[PDB]
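Here is how names work: the chains are called A, B, and so on, in the same order as the sequence lines, proteins then strands, and each is numbered from 1. We use all heavy atoms of the structure for the numbers below, so side chains are in, but hydrogens, waters and symmetry mates are not.
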Protein chains: 4
Amino acid sequence: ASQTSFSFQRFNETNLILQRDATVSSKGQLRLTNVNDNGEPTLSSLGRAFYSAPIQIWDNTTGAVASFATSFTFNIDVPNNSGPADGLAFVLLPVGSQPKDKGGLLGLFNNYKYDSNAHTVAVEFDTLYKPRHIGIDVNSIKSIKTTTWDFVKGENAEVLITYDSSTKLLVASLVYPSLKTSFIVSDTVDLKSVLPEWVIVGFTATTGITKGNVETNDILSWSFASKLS
Amino acid sequence: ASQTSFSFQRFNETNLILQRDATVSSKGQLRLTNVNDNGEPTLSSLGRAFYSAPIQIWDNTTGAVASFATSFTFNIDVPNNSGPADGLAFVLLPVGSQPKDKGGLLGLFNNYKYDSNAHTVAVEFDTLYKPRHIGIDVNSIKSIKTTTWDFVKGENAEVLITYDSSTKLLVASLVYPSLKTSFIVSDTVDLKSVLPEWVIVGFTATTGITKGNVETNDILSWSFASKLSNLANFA
Amino acid sequence: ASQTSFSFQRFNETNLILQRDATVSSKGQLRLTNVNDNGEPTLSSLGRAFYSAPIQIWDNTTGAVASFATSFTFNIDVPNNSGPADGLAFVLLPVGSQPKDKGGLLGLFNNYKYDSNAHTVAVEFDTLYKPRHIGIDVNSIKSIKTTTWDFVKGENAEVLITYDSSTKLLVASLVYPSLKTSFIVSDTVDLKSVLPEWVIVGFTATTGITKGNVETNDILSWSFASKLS
Amino acid sequence: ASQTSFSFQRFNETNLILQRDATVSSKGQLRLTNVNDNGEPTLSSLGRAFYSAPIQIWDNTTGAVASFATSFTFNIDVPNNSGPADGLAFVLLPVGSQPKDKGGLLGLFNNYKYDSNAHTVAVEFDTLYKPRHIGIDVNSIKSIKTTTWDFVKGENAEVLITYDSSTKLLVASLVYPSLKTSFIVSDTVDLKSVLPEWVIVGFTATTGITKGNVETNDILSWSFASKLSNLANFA
Ligand SMILES: *[C@@H]1O[C@H](CO)[C@@H](O)[C@H](O)[C@H]1NC(C)=O
Ligand SMILES: *[C@@H]1O[C@H](CO)[C@@H](O)[C@H](O)[C@H]1NC(C)=O
Ligand SMILES: *[C@@H]1O[C@H](CO)[C@@H](O)[C@H](O)[C@H]1NC(C)=O
Ligand SMILES: *[C@@H]1O[C@H](CO)[C@@H](O)[C@H](O)[C@H]1NC(C)=O
Ligand SMILES: [Br-]
Ligand SMILES: [Br-]
Ligand SMILES: [Br-]
Ligand SMILES: [Br-]
Ligand SMILES: [Br-]
Ligand SMILES: [Br-]
Ligand SMILES: [Br-]
Ligand SMILES: [Br-]
Ligand SMILES: [Br-]
Ligand SMILES: [Br-]
Ligand SMILES: [Br-]
Ligand SMILES: [Br-]
Ligand SMILES: [Br-]
Ligand SMILES: [Br-]
Ligand SMILES: [Br-]
Ligand SMILES: [Br-]
Ligand SMILES: [Br-]
Ligand SMILES: [Br-]
Ligand SMILES: [Br-]
Ligand SMILES: [Br-]
Ligand SMILES: [Br-]
Ligand SMILES: [Br-]
Ligand SMILES: [Br-]
Ligand SMILES: [Br-]
Ligand SMILES: [Br-]
Ligand SMILES: [Br-]
Ligand SMILES: [Br-]
Ligand SMILES: [Br-]
Ligand SMILES: [Br-]
Ligand SMILES: [Br-]
Ligand SMILES: [Br-]
Ligand SMILES: [Br-]
Ligand SMILES: [Br-]
Ligand SMILES: [Br-]
Ligand SMILES: [Br-]
Ligand SMILES: [Br-]
Ligand SMILES: [Br-]
Ligand SMILES: [Br-]
């Protein structure tokens, strides 16, 4: 009864809600976090980017809950002498949601505990070394579930995140095409009890806070779909 | 390079840009023009509604022009002892476009003259009686092409509008599922020379201005898809 | 619970069920009816072409009925001195369905009456002059509903046919891009009472039987989709 | 230029090519290997099932290579006092491909050696214990790459396999929705140099050959899409 779908290989401001350092470069890359004119990634960067149309995630009258999927290509690069930090995340957030905290909290949470009012589901790619990991975030930066991630700088990473409303299972996977490595994490998420009926979808990324802990957080392409019975 | 598509059988304020008298009823109907609590449509009404995400329909860098398609179900009803006016339209408009003049101008134009700066492509369902018609509007309310439309009050109408950027052909069709009647009109439109690179997509409708010329202009469901470098998949 | 979808801008034998004169040319056009080496369309030609996978149209256990849509581009050309005949049709037919009669019966019917066992729904583009028309065919070549069609030779025609299982309305439209003319016809069809649960979809075309009544019947591209709850 | 996609939550003989022990139960489950009427899976079973329409995955004229994606839910169950064997696989095979050897060879190969003429790309779920694994097979049962798979009997498994022809990267993943466990493996495959222009897509599965190594190999639902010149839309 409701469907939404979009796909961009080249980003443009016009149908995005850009928050903070998120820009679309002249080459149409969604640079979530800031890169200076020298071409260097800057510390303490936070960017979020959302599709301009909200998505219905469930309907209280029917009790129906949406399924959804998103894929994107990201490039996280780290200059020599630096380590990576902090990562990026794909997020579903309430309509009108504004960025939260930088660094390890990814513009998503304001603390390291459970927060039922966060109404946040996220899959984060945590470049901060608990080893580097992909985490499923349900109302918490403390992933209810993680998997080790062998992060490699400068290599495009392709992500797929799916949520099945019937099983309630959220699945996130990352692949490095050029390195042919891959990582996956899955856990159940009751969206109905976590998210509002309508959400915005997109990204959030942060760079490290301390020198030598920095990265680019570029989304090179993005696709999203959701279906609500 | 770019794809957008959405589909709603029940509307909601949340992902729409509603303009003027356009409302979403508690039944989830998109009522483009005003209906009073006594259930009657009111005169001098205009409403518009758009999907909230802008659609890219071309880029000058590559010279690619988008193809697109939309379908919707509408209900135009007329109170007893009234005639219908004025119609509704599906439109592609510059991002940020706002309602224009009432009545015969359909919220799309300010005059009856050709206007190159309108950057307007619209498919109009004209209920004002030149017989009642569906018209393709390019930068004018004087449709560049029309077909007769045997309008019938209170009957759900299913519309499909498609544009193929290769042929520059715009096609609009209306069917009354319960009367089994159908109408179609087509003409080339050079979107690239008419519309800006990005557009909003949605509807506009007006009621008549003099007593006994009025109608509901309800949209019951809506789908849209566009691709910038497949209608079957779409309907 | 069931979906099927395909789209080809260039045909290939490999995923088609070609019946009779239907060929795929070296340029990947689906030539439903025969064209000789001289480049002339031949009389008494019949071709049908179907997608190789059957499509479920309804389910007797649920009583659910599929919606479906198809679009295609066709080019019907007529040599000088000839008139056009007979047309082509998009069809839904029982799985394993074999061509019926040539000429005015379009490879679809064996008579000009109602036949409940035909289990055939068709939209025909009748080039035979009742003026030339698009017709909706439900178990009969005698369209339950027609609309005048100003046929023009050599001009690509773009067709869309949709069936909505909720209203039961079948709609067929034709447009000539280069001429910007268009035609449409709609009527209700109870598929459940007409078609088997599974069907094959595709085309049928015929050329005239008598000299000076001939045409090419080329499908240049084709898309189909169907959904069954 | 070409797109194909289908999706079934309930299977039916009608649009499938079923091979060997593969059946569709009255509940509409795709049972790739044999289950007796006492409900128990039997030894030395092999079954395959394919979508009936061939898929174009490249053309040499233009040098375009298809991208594709498939998802499916499977259930591998083991009787008490048995271990599992041998697994199931999703496969792309030449049009007309037929089942190969049983057991560890999964109906995909005849030997344990590399075979360039196999024109086989497969993602295998190996239940035979080298720990139980998911493996990418290119012209060999000796997976060019594997990952450990913590197989659990009787639990529905959701698989997703994708191929991107730009990167030549094949990715396969399995999740157990009720155990919340998940596994993934990826490697480049040059489809163009491995597979023919057209392929059939579907599944293969085998049970063990010695007593106490057996399993069900049920597919409960399946989706496939391919494009020859969008995973999100697909799942
Ligand atoms: C985005 O679209 C606008 C047209 O509205 C264009 O001028 C601009 O170049 C585009 N940006 C990118 C990064 O392509
Ligand atoms: C629209 O969604 C909101 C939740 O944001 C809900 O409260 C409201 O009932 C919906 N409107 C309709 C007409 O269903
Ligand atoms: C169809 O596909 C085959 C490859 O199996 C190819 O050899 C042939 O040229 C193709 N036909 C057309 C008309 O493109
Ligand atoms: C498959 O479809 C046929 C109709 O062709 C039907 O009789 C049968 O019940 C279906 N099979 C299943 C398992 O639902
Ligand atoms: Br931009
Ligand atoms: Br929505
Ligand atoms: Br860098
Ligand atoms: Br590093
Ligand atoms: Br921090
Ligand atoms: Br971990
Ligand atoms: Br809400
Ligand atoms: Br840090
Ligand atoms: Br993407
Ligand atoms: Br609302
Ligand atoms: Br406004
Ligand atoms: Br207003
Ligand atoms: Br009236
Ligand atoms: Br304006
Ligand atoms: Br004027
Ligand atoms: Br007229
Ligand atoms: Br613009
Ligand atoms: Br008036
Ligand atoms: Br609609
Ligand atoms: Br061929
Ligand atoms: Br089907
Ligand atoms: Br000719
Ligand atoms: Br002629
Ligand atoms: Br005849
Ligand atoms: Br007629
Ligand atoms: Br049947
Ligand atoms: Br004749
Ligand atoms: Br087409
Ligand atoms: Br069956
Ligand atoms: Br076989
Ligand atoms: Br057999
Ligand atoms: Br076991
Ligand atoms: Br073989
Ligand atoms: Br061997
Ligand atoms: Br391993
Ligand atoms: Br081939
Ligand atoms: Br064994
Ligand atoms: Br599936």
Side-chain angles (χ1 to χ4, degrees), chain A residues 3-9 51 55 67-73 90 134 136 144-150 155-189 201 220-227, chain D residues 5 7 9 67 69-73 123 134-136 138 143-150 155-190 220-221 223 225 227 229-235:
Chain A
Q3 299 197 274
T4 291
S5 180
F6 55 89
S7 182
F8 323 111
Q9 314 295 278
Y51 194 53
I55 304 312
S67 288
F68 67 84
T70 187
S71 67
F72 49 94
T73 288
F90 167 83
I134 308 160
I136 293 175
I144 52 170
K145 194 78 162 299
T146 61
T147 179
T148 292
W149 171 34
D150 298 319
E155 306 295 354
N156 287 351
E158 296 170 338
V159 171
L160 178 74
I161 296 147
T162 69
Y163 177 78
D164 180 333
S165 62
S166 278
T167 59
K168 288 163 177 185
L169 196 78
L170 192 136
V171 181
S173 76
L174 183 150
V175 302
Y176 282 121
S178 68
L179 259 46
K180 34 250 188 149
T181 50
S182 64
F183 317 88
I184 191 173
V185 68
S186 61
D187 210 356
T188 48
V189 184
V201 301
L220 272 35
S221 64
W222 180 34
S223 297
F224 179 89
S226 71
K227 192 171 98 169
Chain D
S5 90
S7 191
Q9 299 167 9
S67 291
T70 187
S71 56
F72 49 96
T73 290
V123 181
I134 305 176
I136 292 171
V138 181
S143 306
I144 48 153
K145 192 146 185 201
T146 63
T147 188
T148 294
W149 167 38
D150 298 334
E155 293 289 22
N156 284 359
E158 305 188 68
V159 171
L160 176 77
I161 296 151
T162 61
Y163 180 79
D164 183 303
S165 69
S166 280
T167 54
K168 304 183 196 186
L169 189 72
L170 180 64
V171 185
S173 57
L174 179 155
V175 314
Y176 286 116
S178 83
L179 296 155
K180 305 145 186 176
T181 47
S182 65
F183 314 87
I184 195 169
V185 60
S186 62
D187 209 346
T188 50
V189 183
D190 197 315
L220 282 55
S221 68
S223 297
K227 204 198 183 92
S229 69
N230 193 8
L231 326 169
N233 246 336
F234 164 86

Can you say whether D:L170 sits under 4.5 Å from chain A via the side chain, the backbone, both, or neither, judging by heavy atoms? neither
Is the shortest heavy-atom distance from the side chain of A:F224 to the side chain of A:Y51 under 4.5 Å? no
Counting N and O atoms only, with roles assigned by atom type, does the side chain of A:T70 sit under 3.5 Å from a partner on the main chain of A:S223, one being a donor and the other an acceptor? yes
So what's closer than 4.5 Å to chain A heavy atoms on D:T188: side chain, backbone, both or neither? both
When the 4.5 angstrom heavy-atom criterion is applied to A:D164 and chain D, the contacting part is side chain
Is A:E158 in contact with chain D via its backbone, its side chain, both, or neither, using a 4.5 Å heavy-atom distance? side chain
Chain D contact via A:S71 - which portion, at a heavy-atom distance below 4.5 Å: both
In terms of heavy-atom proximity below 4.5 Å to chain A, should D:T162 be classed as side chain, backbone, both, or neither? neither
Shortest non-hydrogen separation from A:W149 to A:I134 and the atoms involved: CB-N, 3.9 Å
Between D:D187, D:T181, D:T167, the one whose heavy-atom pairs under 4.5 Å with chain A are most numerous: D:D187
Is it the side chain or the backbone of D:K145 that comes within 4.5 Å of chain A heavy atoms, both, or neither? side chain
Please test D:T73 against D:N156 for side-chain hydrogen bond (donor to acceptor under 3.5 Å, both in side chains), starting from the C-alpha separation and ending with a verdict. CA-CA 6 Å; D:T73 290; D:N156 284 359; over 6 Å; no
Could you work out, with side-chain contact (heavy atoms from CB on, under 4.5 Å) as the rule, every residue matching A:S182, not counting sequence neighbours? A:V175, D:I184, D:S186
Under the ring pair (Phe, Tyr, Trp, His ring centres under 6.0 Å) test, which residues partner D:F234, sequence neighbours left out? none
